Amino acid sequence: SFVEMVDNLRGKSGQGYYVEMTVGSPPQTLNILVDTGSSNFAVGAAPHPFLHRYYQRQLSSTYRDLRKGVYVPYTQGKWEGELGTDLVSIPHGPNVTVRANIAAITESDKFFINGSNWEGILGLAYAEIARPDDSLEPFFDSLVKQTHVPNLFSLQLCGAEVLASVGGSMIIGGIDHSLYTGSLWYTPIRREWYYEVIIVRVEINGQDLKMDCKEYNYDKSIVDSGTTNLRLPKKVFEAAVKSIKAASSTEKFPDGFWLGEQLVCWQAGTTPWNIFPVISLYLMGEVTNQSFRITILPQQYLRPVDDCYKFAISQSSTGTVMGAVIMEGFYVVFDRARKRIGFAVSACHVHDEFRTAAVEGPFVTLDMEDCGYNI
Ligand SMILES: CCCCCS(=O)(=O)C[C@@H](NC(=O)c1cccnc1)C(=O)N[C@@H](Cc1cc(F)cc(F)c1)[C@H](O)CNCc1cccc(CC)c1
């Protein structure tokens with residue numbers, strides 16, 4: 001938890017958060033997307049219309065070819081590459097250098113984003129979902145094994161021609177107490193592959209969705225910084241929109257809005273936040289029958305793009321995804337050592353005069369264990 005790591009993240013709305021890193025010798029500078037939703041460290045290693053610079057292996061005296069191809073398909077978008085290792089540093093991170101696995105991207109499809117300003121991706125999740133297989137040690141594992149950095153990192157993602165710029169902090173090796181107020185509440189990491197958690201209850205403006213909690217985690221629920229929106233399984237999505245639509249029936253928007261396709265604008269400064277409800281996601285606590293909740297304001301699920309916004313909540317077919325817009329306003333601790341994820345109100349907390357994002361507990365909930373999907 002260093003003051004030198006504060007504000008070491010940057011990016012544009014809808015295009016994620018990236019941290020500056022150097023690879024090879026001499027140091028090659030690159031902006032790398034911080035993604036707790038995957039486990040491969042990869043960087044553009046060949047020219048591309050959206051890349052202004054890229055990893056040039058031939059210019060690195062410390063590069064070692066692993067002579068193995070690698071391929072990684074995401075929800076939408078994918079890339080192909082060549083494996084190898086090299087020295088990697090995070091200028092605004094811990095003062096150490098480690099030899100890490102790196103997937104030099106040679107071919108890609110709908111992966112890189114035009115104008116995003118990042119040239120690679122840092123999969124911070126576990127080896128289990130790493131490609132080719134789990135023998136390809138993820139970056140953070142190498143960092144912990146090679147240096148004395150504590151097996152833990154925390155993220156503070158903040159809100160907002162060109163798309164609004166965003167800032168944040170990735171504290172490697174610790175917790176920076178000045179980045180949050182109040183208490184930290186932890187939810188167990190159900191399994192060490194994605195950063196899987198369990199949602200046991202959901203409320204829209206204080207009203208219970210009243211669904212079997214297995215639906216909330218239908219398939220799985222993950223904390224994913226590499227994903228923008230709050231993604232919800234079909235049944236949960238529909239209940240959610242119906243509830244949100246009702247609360248804001250005072251005004252009407254085109255179906256494209258709710259489908260997160262087309263934006264919606266209001267006179268600059270007149271956004272009627274008060275008509276949109278708050279969303280409370282209750283997460284399993286560290287104790288049976290006990291949980292805590294994180295409340296999201298409309299300022300979070302209505303992403304800036306007159307003041308224009310897009311509905312940052314969309315239907316998923318691969319489970320719940322607590323994306324960036326959910327993480328924003330909260331200080332999130334990925335306590336790998338103790339297999340848990342802590343949440344707390346962020347210093348750049350979720351605004352508003354009558355309301356505010358919050359992290360509250362405890363709230364008793366029985367049989368939280370049957371909320372998960374049992375393989
Ligand atoms: C951060 C910049 C914002 C980009 C806006 S986004 O549309 O929300 C990105 C999201 N896209 C969507 O969620 C999406 C996209 C289109 C339609 N519906 C949903 C997505 O796929 N995210 C990848 C990171 C990524 C970032 C990019 F910038 C471009 C890519 F290519 C990939 C996560 O790693 C996925 N974790 C779940 C997961 C799923 C499958 C396999 C794995 C094993 C690696 C893992």
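Residues numbered from 1 in each chain as written, not as in the entry; some residues may be left out. Heavy atoms only, no water.

The PDB entry lists the protein chain under the name Beta-secretase 1, with Homo sapiens as the source organism. According to its UniProt record, the protein chain has this under Sequence similarities: "Belongs to the peptidase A1 family." (UniProt positions renumbered as here; feature names shortened; annotations may be inferred.)

Draft legend 1. Local environment of the environment of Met327. Mapping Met327 onto the fold places it in helix α5 (residues 324-327). It is 21 Å that separates the C-alpha atoms of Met327 and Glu353, two residues lying 26 residues apart in sequence. When sequence neighbours within four positions are dropped, the list of residues in contact with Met327 reads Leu155, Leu157, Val223, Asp224, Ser225, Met322, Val332 and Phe334. (Helix = DSSP H or I, 4+ residues; strand = E, 2+ residues; numbered from the N terminus. Contact = heavy atoms within 4.5 Å.)

Draft legend 2. The arrangement of a nonpolar patch on the surface in detail. A contiguous nonpolar patch, built from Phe2, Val3 and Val6 and spanning about 260 Å² of accessible area, is present on the exposed surface. When you line up the elements, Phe2 lands in the segment before β1 (9-12). (Patch = residues over 30% accessible without salt bridge, like charges linked within 9 Å, V, L, I, M, F, W, Y side chains within 5 Å. Areas by Shrake-Rupley, 256 points an atom, 1.4 Å probe, with all protein chains shown as cover. Salt bridge = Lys/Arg side-chain N within 4 Å of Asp/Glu carboxyl O.)

Draft legend 3. Geometry of the site of the ligand. Near the ligand, the surroundings consist of 24 residues, among which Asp35, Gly37, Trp118, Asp224 and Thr228 are the closest. One of the side-chain N or O atoms of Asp35 is found 2.6 Å from an oxygen atom in the ligand. Within the backbone of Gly226, an N or O atom sits 3.0 Å from a nitrogen atom of the ligand. When the free accessible area of the ligand is taken as 900 Å², the share hidden by the protein chains comes to 79%. For the shell around the ligand, the elements supplying multiple residues, two or more each, are β3 (28-35) and β5 (64-73). Of the residues in the shell around the ligand, the class split is nine nonpolar, eleven polar and four charged. Residues from two domains meet in the shell around the ligand; each of domain 1 (17-149) and domain 2 (150-375) gives at least three. (Near = heavy atom within 4 Å. Polar contact = N/O pair within 3.5 Å; in protein donor to acceptor, adjacent residues only side chain to side chain. Nonpolar A, V, L, I, M, F, W, Y, C, P; charged D, E, K, R; others polar. Domains from an automatic or database assignment.)

Draft legend 4. Looking closely at the packing of aromatic side chains. Within this structure, the stated rule accounts for 28 aromatic pairs. Of the aromatic side chains, those joined through ring pairs into one cluster are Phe253, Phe257, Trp258, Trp266, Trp273, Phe276, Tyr301, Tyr309 and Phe311. Just above the ring of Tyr282 sits the side chain of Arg201; from NZ or CZ to the centre is 5.6 Å. (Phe/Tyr/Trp six-rings, centres within 6.5 Å; stacked < 30°, edge-to-face > 60°. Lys NZ or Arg CZ within 6 Å of the ring centre and 35° of its normal.)

Draft legend 5. Representation of the pattern of salt bridges in the model. According to the stated counting rule, one finds 13 salt bridges in the structure shown. Note that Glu215 and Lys235 form a salt bridge whose closest N and O atoms lie 4.0 Å from each other. On the criterion of sequence distance, the pair formed by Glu215 in the loop between β14 (207-208) and β15 (221-223) and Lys235 in helix α2 (residues 234-247) is long-range, its members being 20 residues apart. For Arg340, the salt bridge identified is with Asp335, shortest N-O distance 2.8 Å. Both residues of the pair, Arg340 and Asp335, belong to the buried class. A single network of salt bridges, built from pairs that share partners, joins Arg201, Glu203 and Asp208. (Buried < 20%, exposed > 50% of the residue type's maximum accessible area, 1.4 Å probe, protein only.)

Draft legend 6. Fine view of the sheet that holds strand β21 (residues 307-311). Across the sheet, three strands lie side by side as β17-β21-β20; this open sheet has antiparallel pairing. On the outer flanks of this sheet lie β17 (264-266) and β20 (302-304), each paired with one strand and no other. On average, each strand axis in the sheet is tilted by 40 degrees relative to the strand beside it, whichever way the strands run. Here β17 runs beside β21; their pairing, made up of three bridges, is antiparallel. If you follow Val264 over to β21, its bridge partner there is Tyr309. (Pairing = 2+ DSSP bridges. Axes fitted to C-alpha atoms, helices over the stretch in contact; angles between N-to-C directions.)

Draft legend 7. A look at α2. Taking 1.5 Å of rise per residue, the 14 residues of α2 would be expected to cover 20 Å, and the 20 Å separating its terminal C-alpha atoms lies within 8% of that figure. Taken together, the buried positions of α2 are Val236, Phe237, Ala240, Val241 and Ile244. Seen from one end, α2 has its buried residues packed into an arc of 125 degrees, which puts them on one side. More than 90 degrees from the buried face of α2, the exposed residues found are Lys235 and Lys242. (Expected span 1.5 Å × (residues − 1). Arc of directions from axis to C-beta.)

Draft legend 8. Highlighting the sheet that holds strand β13 (residues 199-204). Ordered by their spatial adjacency, five strands build an open sheet running β14-β13-β18-β19-β26, and the pairing between neighbours is antiparallel. Two strands close off the open sheet at either side, each with one partner strand: β14 and β26 (358-364).

Draft legend 9. Quick look at the pairing of β5. Where β5 and strand β6 (residues 78-89) come together, seven bridges link them in antiparallel fashion. Considered in β6, the bridge of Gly69 is made with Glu82. Here β5 hands over to β6 after four residues, with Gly77 in that stretch at a positive phi of 105 degrees.

Draft legend 10. Representation of the side chain of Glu196 in the model. Summarising the element assignment, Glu196 is placed in strand β12 (residues 196-197). Accessibility expressed as a relative area gives 3% for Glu196, which makes it buried. Reaching out from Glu196, the side chain makes a polar contact with the side chain of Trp193 at a distance of 2.7 Å.

Draft legend 11. View of the domain arrangement of the protein chain. Under the domain assignment used here, the protein chain contains domain 1 (17-149) and domain 2 (150-375). Taken over C-alpha atoms, the centre of domain 1 sits 27 Å from the centre of domain 2. Across the contact, 21 residues belong to domain 1 and 28 residues belong to domain 2. Both sides of the domain 1 and domain 2 interface together cover about 2,100 Å² of buried area, and 64% of this is carbon and sulfur. The largest share of the area that domain 1 buries against domain 2 comes from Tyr17, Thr36 and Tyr126, three residues that together contribute 40% of it. Counting across the interface, domain 1 meets domain 2 through two salt bridges. Measuring nitrogen to oxygen at the nearest pair gives 3.1 Å for the salt bridge that ties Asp141 to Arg336. Scanning the region where domain 1 abuts domain 2 turns up eleven residue pairs in polar contact. At the level of secondary structure, the elements contributing two or more residues to the side of domain 1 that touches domain 2 comprise β3 and α1 (139-146). With four residues, the single largest contributor to the side of domain 1 that touches domain 2 is α1. Residues that form the side of domain 1 that touches domain 2 fall into these classes: 13 nonpolar, five polar and three charged. (Buried area = accessible area lost by both parts, 1.4 Å probe.)

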